[PDB]
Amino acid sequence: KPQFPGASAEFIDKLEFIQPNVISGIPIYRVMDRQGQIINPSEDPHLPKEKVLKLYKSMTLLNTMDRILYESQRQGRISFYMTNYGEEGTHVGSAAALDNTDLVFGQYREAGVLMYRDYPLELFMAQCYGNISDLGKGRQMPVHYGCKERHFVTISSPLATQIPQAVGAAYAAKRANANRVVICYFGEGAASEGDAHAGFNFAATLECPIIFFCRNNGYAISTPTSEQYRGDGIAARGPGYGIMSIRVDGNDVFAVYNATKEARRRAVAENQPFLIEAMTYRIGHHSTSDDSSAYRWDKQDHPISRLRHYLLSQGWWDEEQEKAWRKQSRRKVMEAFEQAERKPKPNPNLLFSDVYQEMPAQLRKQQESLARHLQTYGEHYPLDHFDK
């Protein structure tokens, strides 16, 4: 028997390289077909009516907001925007399987998680406009959301940096004896970053109650997955780190829900990481800075459509309700939009606070310098737009 400390294995007396299974990859877990029918009764979560209607209304409200804010960016009213088209099912399915206080780390294309957690329209819009209601104080670009009340850690632009952070937060939770899980969302492009290898390995070796949730939507800006990796997606990397792994149909709210629910239950009980790779397709442009027709679902495999067919089959929705909700959600979004546009931006003084908890004397000096500057040269600045 082999005695080596680094692995537990038998000897083999013939030379055989291990080949990857890429053509026959890890199968894709599905619960409902594209016509919203349950495929296998034993997999049906039987979520109650009110909950399924909340999944549905959260996706469509996000979609309504996406359309309006994308238009607002085109018109130059906000500086930037990124839509969530095609991926709404991954957000709501997974968020619904979490406990309300489970801590979420994200990437930027997970706003449905906040919407499911009842984040006000007013605050989504406050961040995008950088207005006085923004608790982020207008400091980050649009869609960089965060909510301490709803346990959603502020998004930052550098890709995959939240992965090892999420793991540290999960270790701390273990120690605290939390019965809390951390979930960490990221795209398949971000998974190429060195921070992903760090987070996956730390989570396994330090035994952390974390769910890694990878949204595999086929592209990282212009780059197709054929140029991103050569193994069988992200799900096939999990086992190499000792992480329990699964791949799901990301357009199937119930498949996402079931996988996330079981991962949460087991990650918290066993202090072990789980990896979920949700297969989807990025229907929108990458962002408002991107015209995606430069380098490359909507009608035949959309999470919202599939969920709508399911509601109809239970008798839980109809055309009349769909019309009334389309109207109500438009009105709700337009009300927040109009309010967001009429609010002033924050005091320019806020440019200097929170750099450190306290303000260093030399930083206060710079703040004073700006105040003096604006007293003399204020006509040359957009002052009438900013509070105070």
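When you see a residue number, it is the position in the sequence shown, counting from 1. The term rigid core refers to the most C-alpha atoms you can superpose between the two forms while keeping them within 1.5 Å.
Using the rigid core as the fitting frame, the root mean square C-alpha deviation in 5 other deposited structures of this protein is greater for 23-31 than for the other of 64-72 and 23-31. Of the other compared PDB entries of this protein that include residues on both sides, at least a third leave residue 284 without atoms. Where the other entries of this protein model the residues before and after it, residue 104 is kept in all of them rather than dropped from a third. Going from residue 296 to residue 297, the model skips 4 to 9 deposited residues, which lack coordinates. Stretches 35-43 and 60-68 differ in mean CA B factor, with 35-43 having the higher one. Just going by the entry, 230-238 versus 306-314 on mean CA temperature factor gives the higher value to 306-314. The entry assigns its greatest Cα B factor, within the set 177, 73, 131, 156, to 177. The entry assigns its greatest Cα B factor, within the set 122, 188, 291, 149, to 291. Among the modelled residues of its chain, residue 193 has a C-alpha B-factor that falls in the lowest third, as given in the PDB entry. In the PDB entry, residue 163 places in the lowest third of its chain by CA B-factor. Per-chain ranking of the deposited C-alpha B factor places residue 101 in the highest third.
Sort the chain's modelled residues by C-alpha temperature factor and residue 326 lands in the highest third, per the entry. In the deposited entry, the Cα temperature factor of residue 286 sits in the top third of values across the chain's modelled residues.
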